[PDB]
Structure formats: C-alpha cells, structure tokens
file query.cif (mmCIF, C-alpha atoms and all ligand atoms)
data_my_file
#
loop_
_atom_site.label_atom_id
_atom_site.label_comp_id
_atom_site.auth_asym_id
_atom_site.auth_seq_id
_atom_site.Cartn_x
_atom_site.Cartn_y
_atom_site.Cartn_z
CA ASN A 30 -128.53 -111.72 146.36
CA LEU A 31 -128.53 -108.92 143.78
CA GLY A 32 -131.52 -108.87 141.43
CA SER A 33 -131.04 -109.06 137.67
CA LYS A 34 -132.77 -105.72 137.07
CA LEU A 35 -131.64 -103.08 139.51
CA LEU A 36 -132.36 -99.52 140.49
CA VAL A 37 -129.25 -97.97 142.01
CA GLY A 38 -129.71 -94.60 143.71
CA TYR A 39 -127.26 -92.07 145.11
CA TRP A 40 -128.04 -90.89 148.63
CA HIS A 41 -127.00 -87.39 149.75
CA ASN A 42 -124.84 -87.39 152.88
CA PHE A 43 -125.45 -83.66 152.78
CA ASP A 44 -128.11 -81.02 152.20
CA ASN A 45 -127.84 -79.37 148.79
CA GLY A 46 -131.35 -77.92 148.71
CA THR A 47 -133.21 -81.19 148.19
CA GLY A 48 -133.10 -81.83 151.92
CA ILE A 49 -132.06 -84.91 153.85
CA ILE A 50 -133.74 -88.31 153.75
CA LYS A 51 -133.13 -90.61 156.72
CA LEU A 52 -131.94 -94.02 155.50
CA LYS A 53 -135.04 -95.74 156.91
CA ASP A 54 -137.27 -93.40 154.88
CA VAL A 55 -135.59 -94.28 151.58
CA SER A 56 -138.05 -95.73 149.06
CA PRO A 57 -137.86 -99.55 148.99
CA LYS A 58 -137.90 -99.36 145.18
CA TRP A 59 -134.16 -98.69 145.30
CA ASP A 60 -132.14 -101.93 145.32
CA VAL A 61 -128.81 -100.29 146.04
CA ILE A 62 -128.04 -97.11 147.95
CA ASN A 63 -124.82 -95.27 147.11
CA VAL A 64 -123.95 -93.15 150.15
CA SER A 65 -122.38 -89.94 148.88
CA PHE A 66 -119.64 -89.30 149.52
CA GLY A 67 -116.51 -90.61 151.19
CA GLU A 68 -114.20 -87.60 151.07
CA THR A 69 -110.50 -86.80 151.40
CA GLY A 70 -108.50 -84.11 153.19
CA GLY A 71 -105.18 -82.37 152.53
CA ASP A 72 -103.38 -85.64 151.78
CA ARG A 73 -106.02 -86.49 149.16
CA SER A 74 -105.48 -90.17 149.96
CA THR A 75 -107.09 -90.89 153.32
CA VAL A 76 -110.84 -91.25 152.86
CA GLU A 77 -113.04 -89.95 155.67
CA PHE A 78 -116.76 -90.31 156.27
CA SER A 79 -119.09 -88.95 158.92
CA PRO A 80 -122.85 -89.57 158.72
CA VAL A 81 -124.89 -86.43 158.04
CA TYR A 82 -127.28 -87.40 160.85
CA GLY A 83 -127.10 -89.45 164.04
CA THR A 84 -124.18 -90.97 165.91
CA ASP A 85 -121.86 -93.44 164.20
CA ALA A 86 -123.78 -96.26 165.88
CA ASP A 87 -127.16 -94.94 164.71
CA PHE A 88 -126.00 -94.81 161.08
CA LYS A 89 -124.46 -98.27 161.31
CA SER A 90 -127.87 -99.43 162.56
CA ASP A 91 -129.87 -97.76 159.77
CA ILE A 92 -127.57 -99.47 157.28
CA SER A 93 -128.11 -102.81 159.02
CA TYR A 94 -131.85 -102.20 158.76
CA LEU A 95 -131.72 -101.63 154.99
CA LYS A 96 -129.51 -104.71 154.60
CA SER A 97 -132.03 -106.73 156.61
CA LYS A 98 -134.55 -105.73 153.93
CA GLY A 99 -132.27 -107.13 151.21
CA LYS A 100 -130.96 -103.72 150.15
CA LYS A 101 -127.29 -103.05 149.45
CA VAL A 102 -125.58 -100.02 150.98
CA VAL A 103 -122.46 -98.89 149.17
CA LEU A 104 -119.95 -96.15 149.97
CA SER A 105 -119.39 -93.85 147.00
CA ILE A 106 -115.91 -92.37 146.72
CA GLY A 107 -115.57 -89.02 144.99
CA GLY A 108 -117.78 -85.99 144.45
CA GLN A 109 -116.37 -82.47 144.58
CA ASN A 110 -114.77 -82.90 148.00
CA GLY A 111 -113.60 -86.48 147.50
CA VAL A 112 -110.67 -86.09 145.11
CA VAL A 113 -108.27 -89.02 145.40
CA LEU A 114 -104.62 -88.89 144.33
CA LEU A 115 -102.40 -91.97 144.51
CA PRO A 116 -99.03 -90.84 143.10
CA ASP A 117 -97.16 -93.60 144.93
CA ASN A 118 -97.45 -96.71 147.09
CA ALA A 119 -97.56 -94.73 150.34
CA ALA A 120 -100.67 -92.90 149.14
CA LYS A 121 -102.26 -96.11 147.84
CA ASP A 122 -101.77 -97.70 151.27
CA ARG A 123 -103.45 -94.85 153.14
CA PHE A 124 -106.31 -95.07 150.65
CA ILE A 125 -106.71 -98.84 151.03
CA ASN A 126 -106.52 -98.67 154.82
CA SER A 127 -108.89 -95.72 155.23
CA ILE A 128 -111.44 -97.37 152.96
CA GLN A 129 -111.29 -100.71 154.77
CA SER A 130 -111.72 -98.93 158.11
CA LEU A 131 -114.91 -97.26 156.90
CA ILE A 132 -116.39 -100.43 155.41
CA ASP A 133 -115.72 -102.20 158.72
CA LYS A 134 -116.93 -99.26 160.81
CA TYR A 135 -120.31 -98.83 159.10
CA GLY A 136 -120.82 -102.25 157.48
CA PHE A 137 -120.95 -101.01 153.89
CA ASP A 138 -121.66 -103.72 151.31
CA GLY A 139 -119.01 -102.39 148.93
CA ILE A 140 -117.71 -99.24 147.25
CA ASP A 141 -118.61 -97.06 144.27
CA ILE A 142 -115.86 -95.35 142.30
CA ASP A 143 -117.14 -91.88 141.42
CA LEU A 144 -113.92 -89.98 140.78
CA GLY A 145 -114.31 -87.16 138.25
CA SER A 146 -110.92 -85.47 138.54
CA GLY A 147 -107.25 -86.28 139.10
CA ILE A 148 -107.56 -89.15 136.63
CA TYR A 149 -105.43 -88.79 133.51
CA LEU A 150 -103.60 -90.99 131.04
CA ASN A 151 -100.00 -89.79 131.00
CA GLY A 152 -98.09 -89.50 127.74
CA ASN A 153 -96.91 -92.92 126.61
CA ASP A 154 -99.75 -94.65 128.47
CA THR A 155 -101.32 -96.20 125.37
CA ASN A 156 -102.38 -99.72 126.34
CA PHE A 157 -105.58 -100.09 128.36
CA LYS A 158 -104.61 -103.67 129.24
CA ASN A 159 -101.33 -102.47 130.76
CA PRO A 160 -101.59 -98.95 132.22
CA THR A 161 -98.44 -97.06 133.20
CA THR A 162 -99.91 -93.97 134.89
CA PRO A 163 -99.39 -94.28 138.68
CA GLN A 164 -102.83 -92.88 139.57
CA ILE A 165 -104.46 -95.51 137.35
CA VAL A 166 -102.11 -98.38 138.22
CA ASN A 167 -102.45 -97.65 141.93
CA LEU A 168 -106.21 -97.17 141.76
CA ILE A 169 -106.60 -100.57 140.09
CA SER A 170 -104.30 -102.16 142.68
CA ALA A 171 -106.11 -100.55 145.61
CA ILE A 172 -109.51 -101.63 144.26
CA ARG A 173 -108.33 -105.21 143.74
CA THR A 174 -106.81 -105.27 147.23
CA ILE A 175 -109.93 -103.94 148.95
CA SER A 176 -112.14 -106.28 146.93
CA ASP A 177 -110.01 -109.30 147.82
CA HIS A 178 -110.09 -108.28 151.48
CA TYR A 179 -113.84 -108.93 151.63
CA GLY A 180 -116.20 -111.83 150.95
CA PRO A 181 -118.00 -112.90 147.75
CA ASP A 182 -120.81 -110.40 148.37
CA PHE A 183 -118.54 -107.34 148.09
CA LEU A 184 -120.16 -104.88 145.69
CA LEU A 185 -117.98 -102.88 143.30
CA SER A 186 -119.44 -100.21 141.04
CA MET A 187 -118.21 -97.16 139.14
CA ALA A 188 -119.82 -94.01 137.72
CA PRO A 189 -117.32 -92.37 135.38
CA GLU A 190 -118.33 -89.59 133.01
CA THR A 191 -118.65 -90.55 129.33
CA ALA A 192 -115.35 -88.95 128.26
CA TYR A 193 -113.47 -91.45 130.44
CA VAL A 194 -115.21 -94.42 128.83
CA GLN A 195 -117.07 -93.99 125.54
CA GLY A 196 -114.82 -90.99 124.85
CA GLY A 197 -112.12 -93.62 124.41
CA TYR A 198 -113.65 -94.14 120.97
CA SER A 199 -112.41 -90.71 119.90
CA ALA A 200 -109.11 -90.50 121.76
CA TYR A 201 -106.91 -92.32 124.27
CA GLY A 202 -104.92 -89.95 126.47
CA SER A 203 -105.53 -87.41 129.22
CA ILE A 204 -109.10 -87.98 130.46
CA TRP A 205 -110.20 -89.56 127.19
CA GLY A 206 -110.58 -93.31 127.67
CA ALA A 207 -108.95 -92.96 131.10
CA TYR A 208 -111.36 -95.28 132.96
CA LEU A 209 -110.93 -98.04 130.36
CA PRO A 210 -107.76 -99.45 131.93
CA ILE A 211 -109.50 -99.14 135.31
CA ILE A 212 -112.57 -101.05 134.13
CA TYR A 213 -110.46 -103.65 132.33
CA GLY A 214 -108.14 -103.94 135.33
CA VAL A 215 -110.97 -104.76 137.73
CA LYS A 216 -113.54 -106.37 135.43
CA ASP A 217 -113.40 -109.69 137.30
CA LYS A 218 -114.41 -107.85 140.48
CA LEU A 219 -116.77 -105.31 138.90
CA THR A 220 -120.44 -105.82 139.82
CA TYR A 221 -121.67 -103.18 137.39
CA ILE A 222 -120.72 -99.86 135.86
CA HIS A 223 -123.19 -97.01 135.50
CA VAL A 224 -121.67 -94.30 133.31
CA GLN A 225 -123.14 -90.83 133.83
CA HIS A 226 -125.30 -90.27 130.75
CA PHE A 227 -125.78 -86.64 131.76
CA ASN A 228 -124.01 -83.27 131.86
CA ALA A 229 -122.29 -84.82 128.83
CA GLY A 230 -123.48 -82.72 125.88
CA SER A 231 -123.15 -85.13 122.97
CA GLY A 232 -121.46 -88.46 122.32
CA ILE A 233 -120.18 -90.42 119.34
CA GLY A 234 -121.49 -93.96 118.88
CA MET A 235 -119.66 -96.89 117.29
CA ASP A 236 -121.36 -95.84 114.06
CA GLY A 237 -119.25 -92.68 114.14
CA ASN A 238 -122.44 -90.67 114.53
CA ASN A 239 -122.94 -87.87 117.05
CA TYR A 240 -125.89 -88.16 119.44
CA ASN A 241 -127.27 -85.63 121.93
CA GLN A 242 -127.64 -86.50 125.61
CA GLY A 243 -131.18 -86.95 126.90
CA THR A 244 -132.42 -88.70 123.77
CA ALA A 245 -133.31 -92.37 123.40
CA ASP A 246 -130.79 -92.84 120.57
CA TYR A 247 -128.03 -91.44 122.78
CA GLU A 248 -128.83 -93.82 125.65
CA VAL A 249 -128.71 -96.82 123.31
CA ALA A 250 -125.54 -95.70 121.53
CA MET A 251 -123.59 -95.10 124.73
CA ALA A 252 -124.68 -98.32 126.44
CA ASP A 253 -124.07 -100.38 123.29
CA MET A 254 -120.38 -99.48 123.41
CA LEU A 255 -120.04 -101.31 126.73
CA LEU A 256 -122.42 -104.09 125.74
CA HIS A 257 -120.55 -104.79 122.49
CA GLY A 258 -117.05 -103.38 122.98
CA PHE A 259 -115.44 -100.87 120.64
CA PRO A 260 -112.22 -99.82 118.87
CA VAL A 261 -110.13 -97.44 120.98
CA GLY A 262 -108.68 -94.13 119.74
CA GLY A 263 -109.43 -94.78 116.08
CA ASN A 264 -107.37 -97.97 116.15
CA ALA A 265 -109.20 -100.91 114.58
CA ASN A 266 -106.60 -103.21 116.16
CA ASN A 267 -107.20 -101.92 119.68
CA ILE A 268 -110.59 -103.31 120.69
CA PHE A 269 -111.98 -102.70 124.16
CA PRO A 270 -113.83 -105.95 124.95
CA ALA A 271 -117.54 -106.07 125.76
CA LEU A 272 -118.45 -106.30 129.43
CA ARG A 273 -120.97 -108.87 130.59
CA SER A 274 -124.45 -107.47 130.01
CA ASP A 275 -125.17 -107.93 133.71
CA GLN A 276 -122.28 -105.52 134.33
CA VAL A 277 -123.85 -102.73 132.28
CA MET A 278 -126.20 -100.09 133.69
CA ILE A 279 -127.11 -96.55 132.64
CA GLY A 280 -126.78 -93.57 134.99
CA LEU A 281 -129.49 -90.93 134.66
CA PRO A 282 -130.69 -87.76 136.39
CA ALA A 283 -133.82 -88.39 138.47
CA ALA A 284 -135.15 -84.99 137.43
CA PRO A 285 -134.29 -82.21 135.00
CA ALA A 286 -132.72 -80.20 137.85
CA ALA A 287 -130.58 -83.15 138.97
CA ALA A 288 -128.39 -82.47 135.92
CA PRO A 289 -128.29 -78.67 135.38
CA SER A 290 -126.26 -79.07 132.18
CA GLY A 291 -128.77 -81.41 130.55
CA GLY A 292 -129.13 -85.18 130.30
CA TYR A 293 -132.56 -85.79 131.79
CA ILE A 294 -134.75 -88.05 129.65
CA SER A 295 -138.48 -88.63 130.09
CA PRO A 296 -139.45 -92.12 131.28
CA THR A 297 -141.60 -92.45 128.14
CA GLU A 298 -138.56 -91.91 125.93
CA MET A 299 -136.21 -93.88 128.17
CA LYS A 300 -138.54 -96.90 128.00
CA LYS A 301 -138.15 -96.92 124.22
CA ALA A 302 -134.38 -97.06 124.68
CA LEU A 303 -134.70 -99.79 127.32
CA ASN A 304 -137.02 -101.90 125.17
CA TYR A 305 -134.43 -101.68 122.39
CA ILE A 306 -131.38 -102.35 124.56
CA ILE A 307 -133.02 -105.19 126.49
CA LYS A 308 -135.52 -106.77 124.08
CA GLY A 309 -134.17 -105.61 120.72
CA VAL A 310 -137.36 -103.71 119.93
CA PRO A 311 -136.62 -100.59 117.84
CA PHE A 312 -138.49 -97.29 118.16
CA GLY A 313 -137.72 -95.64 114.82
CA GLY A 314 -134.51 -94.12 116.15
CA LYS A 315 -131.38 -93.39 114.14
CA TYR A 316 -129.02 -95.69 116.04
CA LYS A 317 -128.89 -99.38 115.13
CA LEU A 318 -128.16 -101.74 118.03
CA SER A 319 -125.09 -103.97 117.67
CA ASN A 320 -127.20 -106.97 118.68
CA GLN A 321 -130.39 -107.16 116.62
CA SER A 322 -132.19 -109.18 119.31
CA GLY A 323 -130.97 -107.14 122.30
CA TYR A 324 -129.14 -107.68 125.57
CA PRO A 325 -131.70 -109.22 127.97
CA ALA A 326 -129.22 -109.34 130.87
CA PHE A 327 -128.70 -105.57 130.84
CA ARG A 328 -128.45 -104.80 134.55
CA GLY A 329 -130.63 -101.72 135.08
CA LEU A 330 -130.50 -98.01 135.89
CA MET A 331 -128.59 -95.79 138.28
CA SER A 332 -129.82 -92.34 139.25
CA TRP A 333 -128.60 -89.08 140.65
CA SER A 334 -130.30 -89.19 142.91
CA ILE A 335 -132.53 -90.69 145.60
CA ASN A 336 -132.99 -87.19 147.04
CA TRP A 337 -133.79 -85.57 143.69
CA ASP A 338 -136.22 -88.39 142.88
CA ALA A 339 -138.14 -87.86 146.11
CA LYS A 340 -138.32 -84.15 145.30
CA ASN A 341 -139.65 -85.02 141.84
CA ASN A 342 -142.75 -86.96 142.92
CA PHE A 343 -140.71 -90.19 142.74
CA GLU A 344 -141.02 -90.10 138.95
CA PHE A 345 -137.78 -92.04 138.41
CA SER A 346 -138.24 -94.79 140.99
CA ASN A 347 -141.95 -95.38 140.28
CA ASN A 348 -141.67 -95.38 136.49
CA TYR A 349 -138.60 -97.60 136.24
CA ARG A 350 -139.42 -99.95 139.11
CA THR A 351 -142.74 -100.65 137.42
CA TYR A 352 -141.06 -101.07 134.05
CA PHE A 353 -138.48 -103.56 135.31
CA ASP A 354 -141.02 -105.39 137.48
CA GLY A 355 -143.12 -105.78 134.33
CA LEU A 356 -140.33 -107.74 132.67
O1 LIG A 401 -124.93 -85.26 139.07
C1 LIG A 401 -123.96 -85.10 139.81
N1 LIG A 401 -123.93 -84.01 140.68
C2 LIG A 401 -122.79 -83.79 141.60
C3 LIG A 401 -123.30 -83.01 142.82
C4 LIG A 401 -122.40 -83.05 144.07
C5 LIG A 401 -121.08 -82.92 144.11
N2 LIG A 401 -120.68 -83.02 145.38
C6 LIG A 401 -121.76 -83.20 146.13
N3 LIG A 401 -122.82 -83.22 145.32
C7 LIG A 401 -122.18 -85.15 141.98
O2 LIG A 401 -121.64 -85.28 143.07
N4 LIG A 401 -122.20 -86.23 141.08
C8 LIG A 401 -121.68 -87.61 141.18
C9 LIG A 401 -122.73 -88.46 140.46
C10 LIG A 401 -123.39 -87.51 139.46
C11 LIG A 401 -122.82 -86.11 139.76
#

call {"tool": "encode", "arguments": {"input": "query.cif", "output": "structure tokens"}}
result
Amino acid sequence: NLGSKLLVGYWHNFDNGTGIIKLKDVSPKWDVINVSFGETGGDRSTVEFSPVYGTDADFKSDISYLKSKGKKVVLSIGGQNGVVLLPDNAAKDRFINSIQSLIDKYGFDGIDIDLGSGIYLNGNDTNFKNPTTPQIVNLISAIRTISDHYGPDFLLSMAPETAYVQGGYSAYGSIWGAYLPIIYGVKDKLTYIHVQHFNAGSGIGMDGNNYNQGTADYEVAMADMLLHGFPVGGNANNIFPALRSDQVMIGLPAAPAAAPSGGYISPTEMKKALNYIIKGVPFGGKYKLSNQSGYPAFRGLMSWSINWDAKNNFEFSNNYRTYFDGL
C-alpha cells in the first residue's frame, strides 16, 4: 500500500492567498494528501468539515479518484480554527463520534493530528509512559478508539511542533515534551510522524548542541532524536525509545513564504541531510549521526504545503520526488 519513501503534502481547504487547487489537479508526486483542516466550534470537541469547493458528494468523489490512483487522503485535525479540548469523557466521546462521522462521510483514509494549542503537561504529569493530564489521556484514548474502529489500512500521522517532541530533551512539563506521551501511547497505531521543522528558531540535539532551523545539521539533529530515542528532561534514566525508522519523516516548508518565521531549507542542502540520515553519508556538518551507517528506512518528507509548492514552481515536489525515486 504505502510506499517506503513518501511525500506527504498538506492541502488547503481554504484560500489563504495561494489559491485553491481542486483535488484532481493535485500533483501525482504527492503520495499522501492531508486535507486541512477539520475544525471545531464552541464546544471545541465536535469536529466539523465542509469541502471548500463542490457538494459533499463531489468532494467524496474527488477523494475516491485520488484513492483509485493509489493516493492516500487524510483528514488533518487542528490549525488555527481546529482547537480540540477533551477535559472529560463526554468531550472525548463527541470528538470520537464527530471524527468517525467525517471519515465515513467522505471516505478519508485516516487522520492527521496537527494540534498546536490546548496541549499541556499538568504539574505532576512526569511519566510519558503513563500520562495523567486529561487532555493527553483522552486524546490517546480517542485516537486508539478511532484507529481500532477502522481496518488495517487506517492511516495515522501527527505534525507536532518541535517543542512538544524534541523539546522534551530540555524539559518535561507544559508544552515541553507534551506530545511524547501521545506518540508513545499510540506508537503501535502510528503510521508516521512528521514534526514541523519550521517556525522553530533553534533546537538542541542529543549532543547538547544548539542548531538553527533551515540548516542541514538541524534537520539531521532533530530527526535523529526520533530515530535513536533520547533522554527526557535531563534525566539519563528516562529514555524516550526510538521509533521505527519507517515511522519517522521530516516536515518542511515548501517555500520560504510557507514558513514566515523561518525554517525553509534549499533542496540542495536538504539532500545533504537526507543522504546522511538515510545512507550515513556525511557532508562536513557539525552534527554526528547516532547511527554511523544511517537509517535507510527513514520514511520521507512532509510539506506545508501542496498549495505553497504549486505556487513555488513545484520546487519541493519535483526535487524530492526525483531524489527519492533515485534511491
Ligand atoms: O505552516 C503552518 N501554517 C499554518 C497556516 C494555517 C493555519 N490555519 C490555516 N492555515 C498551519 O495551519 N500549519 C499546520 C502545519 C504547519 C502550520
């Protein structure tokens, strides 16, 4: 089903200046399309989705078309208008039910967790293997429930910001390390995670060194933490286990303007990072990969976004599709 080297692209269910691309006009170089976004209302628990073009039937059909071409179409939950809060079981239930309705209604292949707010580790919540914060406990439970409700082909991805994942290396509490219990809690269902390596400023690698976003060293350092695992919150006895390599992707801006706070990296520089991550071929960078000979099963790249890419002469899709095809 899913290839071993993927390009995952976010698809704007909205016009933000980059315009709208009809599903059928989406470049075939994308393996997975993350429809953005499923959003919530006042109750911040019931997820709603209405296609930005066409009737419900038309959209269902365009999705079926893409799926007929072997593409996966996933519903991304989050964005600025998709805040989800699950303070109790009642909220979790509305969330689960609303999500399942949408998947059934439009035939989505799975869901993408792209929540960038409302997610905190409460005081006393110190064990990523056993979270105690309701939001996090309930989110894990809801995700497991939804996953189990569908067949073997159900796709589950996540796109947390670095603070929620790699940030766990520096601290564990509040947002810092907050997705770790989520990842750990659903790792048996997780298809892949593509952390947002952008709008992130700088990040500390397992070597305790600070790296700037948008540089090859940074990409390697941040990905290596998931590929190898790392000690959490300065505790050598609290190791977050490595994910499967085929569960690890990197999320990148398709163009400089797709990440106004920085993070874009040129394909030429990104290919150096990829060659190192995947093949264990260094490029004279400062960061030293945990695995000398690389992680060949590294899963691929995610991008914000399909719409930005199209507006940028398809630089992202063309460059990386060719690169991965060349493997
Ligand atoms: O780069 C991004 N940009 C924002 C832009 C937006 C918000 N709501 C609608 N569009 C976003 O949603 N993201 C989610 C994935 C990356 C991150």

call {"tool": "residues_around", "arguments": {"input": "query.cif", "residues": "residue A:65", "least_positions_apart": "3", "cutoff": "7 Å", "atoms": "all atoms listed in the file", "output": "list in words"}}
result
residues 39, 40, 41, 42, 104 and 105 of chain A

call {"tool": "write_last_selection", "arguments": {"input": "query.cif", "atoms": "C-alpha atoms", "output": "short mmCIF file (atom, residue, chain, number, x, y, z; two decimals), in the coordinates of the input"}}
result
data_model
loop_
_atom_site.label_atom_id
_atom_site.label_comp_id
_atom_site.auth_asym_id
_atom_site.auth_seq_id
_atom_site.Cartn_x
_atom_site.Cartn_y
_atom_site.Cartn_z
CA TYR A 39 -127.26 -92.07 145.11
CA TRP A 40 -128.04 -90.89 148.63
CA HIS A 41 -127.00 -87.39 149.75
CA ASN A 42 -124.84 -87.39 152.88
CA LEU A 104 -119.95 -96.15 149.97
CA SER A 105 -119.39 -93.85 147.00
#

call {"tool": "closest_residue", "arguments": {"input": "query.cif", "among": "A:85, A:138, A:54, A:143", "to": "residue A:67", "atoms": "all atoms listed in the file"}}
result
A:143

call {"tool": "closest_atom_pairs", "arguments": {"input": "query.cif", "of": "chain A", "to": "ligand LIG 401 (chain A)", "cutoff": "9 Å", "atoms": "all atoms listed in the file", "output": "JSON lines"}}
result
{"residue": "A:39", "atom": "CA", "partner": "A:LIG401", "partner_atom": "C9", "distance": 7.4}
{"residue": "A:41", "atom": "CA", "partner": "A:LIG401", "partner_atom": "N3", "distance": 7.4}
{"residue": "A:42", "atom": "CA", "partner": "A:LIG401", "partner_atom": "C6", "distance": 8.5}
{"residue": "A:43", "atom": "CA", "partner": "A:LIG401", "partner_atom": "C6", "distance": 7.6}
{"residue": "A:44", "atom": "CA", "partner": "A:LIG401", "partner_atom": "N3", "distance": 9.0}
{"residue": "A:45", "atom": "CA", "partner": "A:LIG401", "partner_atom": "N3", "distance": 7.2}
{"residue": "A:65", "atom": "CA", "partner": "A:LIG401", "partner_atom": "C6", "distance": 7.3}
{"residue": "A:66", "atom": "CA", "partner": "A:LIG401", "partner_atom": "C6", "distance": 7.3}
{"residue": "A:105", "atom": "CA", "partner": "A:LIG401", "partner_atom": "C8", "distance": 8.8}
{"residue": "A:107", "atom": "CA", "partner": "A:LIG401", "partner_atom": "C8", "distance": 7.3}
{"residue": "A:108", "atom": "CA", "partner": "A:LIG401", "partner_atom": "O2", "distance": 4.2}
{"residue": "A:109", "atom": "CA", "partner": "A:LIG401", "partner_atom": "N2", "distance": 4.4}
{"residue": "A:110", "atom": "CA", "partner": "A:LIG401", "partner_atom": "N2", "distance": 6.5}
{"residue": "A:111", "atom": "CA", "partner": "A:LIG401", "partner_atom": "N2", "distance": 8.2}
{"residue": "A:143", "atom": "CA", "partner": "A:LIG401", "partner_atom": "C8", "distance": 6.2}
{"residue": "A:144", "atom": "CA", "partner": "A:LIG401", "partner_atom": "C8", "distance": 8.1}
{"residue": "A:145", "atom": "CA", "partner": "A:LIG401", "partner_atom": "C8", "distance": 7.9}
{"residue": "A:188", "atom": "CA", "partner": "A:LIG401", "partner_atom": "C9", "distance": 6.8}
{"residue": "A:189", "atom": "CA", "partner": "A:LIG401", "partner_atom": "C9", "distance": 8.4}
{"residue": "A:190", "atom": "CA", "partner": "A:LIG401", "partner_atom": "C10", "distance": 8.5}
{"residue": "A:225", "atom": "CA", "partner": "A:LIG401", "partner_atom": "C10", "distance": 6.5}
{"residue": "A:227", "atom": "CA", "partner": "A:LIG401", "partner_atom": "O1", "distance": 7.5}
{"residue": "A:228", "atom": "CA", "partner": "A:LIG401", "partner_atom": "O1", "distance": 7.5}
{"residue": "A:280", "atom": "CA", "partner": "A:LIG401", "partner_atom": "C10", "distance": 8.3}
{"residue": "A:281", "atom": "CA", "partner": "A:LIG401", "partner_atom": "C10", "distance": 8.5}
{"residue": "A:282", "atom": "CA", "partner": "A:LIG401", "partner_atom": "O1", "distance": 6.8}
{"residue": "A:287", "atom": "CA", "partner": "A:LIG401", "partner_atom": "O1", "distance": 6.0}
{"residue": "A:288", "atom": "CA", "partner": "A:LIG401", "partner_atom": "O1", "distance": 5.4}
{"residue": "A:289", "atom": "CA", "partner": "A:LIG401", "partner_atom": "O1", "distance": 8.3}
{"residue": "A:332", "atom": "CA", "partner": "A:LIG401", "partner_atom": "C10", "distance": 8.0}
{"residue": "A:333", "atom": "CA", "partner": "A:LIG401", "partner_atom": "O1", "distance": 5.5}
{"residue": "A:334", "atom": "CA", "partner": "A:LIG401", "partner_atom": "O1", "distance": 7.7}

call {"tool": "closest_residue", "arguments": {"input": "query.cif", "among": "A:254, A:331, A:165, A:284", "to": "residue A:271", "atoms": "all atoms listed in the file"}}
result
A:254

call {"tool": "closest_residue", "arguments": {"input": "query.cif", "among": "A:179, A:236, A:300, A:31", "to": "residue A:133", "atoms": "all atoms listed in the file"}}
result
A:179

call {"tool": "closest_residue", "arguments": {"input": "query.cif", "among": "A:139, A:291, A:262, A:116", "to": "residue A:63", "atoms": "only C-alpha atoms"}}
result
A:139

call {"tool": "atom_distance", "arguments": {"input": "query.cif", "atom1": "atom CA of residue A:163", "atom2": "atom CA of residue A:206"}}
result
15.7 Å

call {"tool": "residues_around", "arguments": {"input": "query.cif", "residues": "residue A:261", "least_positions_apart": "2", "cutoff": "7 Å", "atoms": "only C-alpha atoms", "output": "list in words"}}
result
residues 197, 198, 201, 259, 263, 264, 267, 268 and 269 of chain A

call {"tool": "atom_distance", "arguments": {"input": "query.cif", "atom1": "atom CA of residue A:187", "atom2": "atom CA of residue A:323"}}
result
23.4 Å

call {"tool": "build_atoms", "arguments": {"input": "query.cif", "residues": "stretch 63-74 of chain A", "atoms": "N, CA and C atoms", "output": "tab-separated table (two decimals), in the frame of the given file"}}
result
chain	number	residue	atom	x	y	z
A	63	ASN	N	-126.19	-95.78	147.13
A	63	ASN	CA	-124.82	-95.27	147.11
A	63	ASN	C	-124.68	-94.04	147.99
A	64	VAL	N	-124.14	-94.24	149.19
A	64	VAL	CA	-123.95	-93.15	150.15
A	64	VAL	C	-122.86	-92.19	149.68
A	65	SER	N	-123.22	-90.92	149.56
A	65	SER	CA	-122.38	-89.94	148.88
A	65	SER	C	-122.04	-88.77	149.80
A	66	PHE	N	-120.75	-88.53	150.07
A	66	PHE	CA	-119.64	-89.30	149.52
A	66	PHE	C	-118.60	-89.53	150.61
A	67	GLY	N	-117.72	-90.51	150.40
A	67	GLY	CA	-116.51	-90.61	151.19
A	67	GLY	C	-115.56	-89.56	150.65
A	68	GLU	N	-115.03	-88.71	151.53
A	68	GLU	CA	-114.20	-87.60	151.07
A	68	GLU	C	-112.79	-87.59	151.66
A	69	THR	N	-111.90	-86.85	151.01
A	69	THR	CA	-110.50	-86.80	151.40
A	69	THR	C	-110.12	-85.43	151.94
A	70	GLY	N	-109.02	-85.37	152.68
A	70	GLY	CA	-108.50	-84.11	153.19
A	70	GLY	C	-107.25	-83.67	152.45
A	71	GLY	N	-106.41	-82.90	153.12
A	71	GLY	CA	-105.18	-82.37	152.53
A	71	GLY	C	-104.32	-83.39	151.81
A	72	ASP	N	-104.23	-84.60	152.36
A	72	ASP	CA	-103.38	-85.64	151.78
A	72	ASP	C	-104.03	-86.33	150.58
A	73	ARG	N	-105.29	-85.98	150.32
A	73	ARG	CA	-106.02	-86.49	149.16
A	73	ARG	C	-105.87	-88.00	148.96
A	74	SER	N	-105.69	-88.73	150.05
A	74	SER	CA	-105.48	-90.17	149.96
A	74	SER	C	-106.25	-90.92	151.04
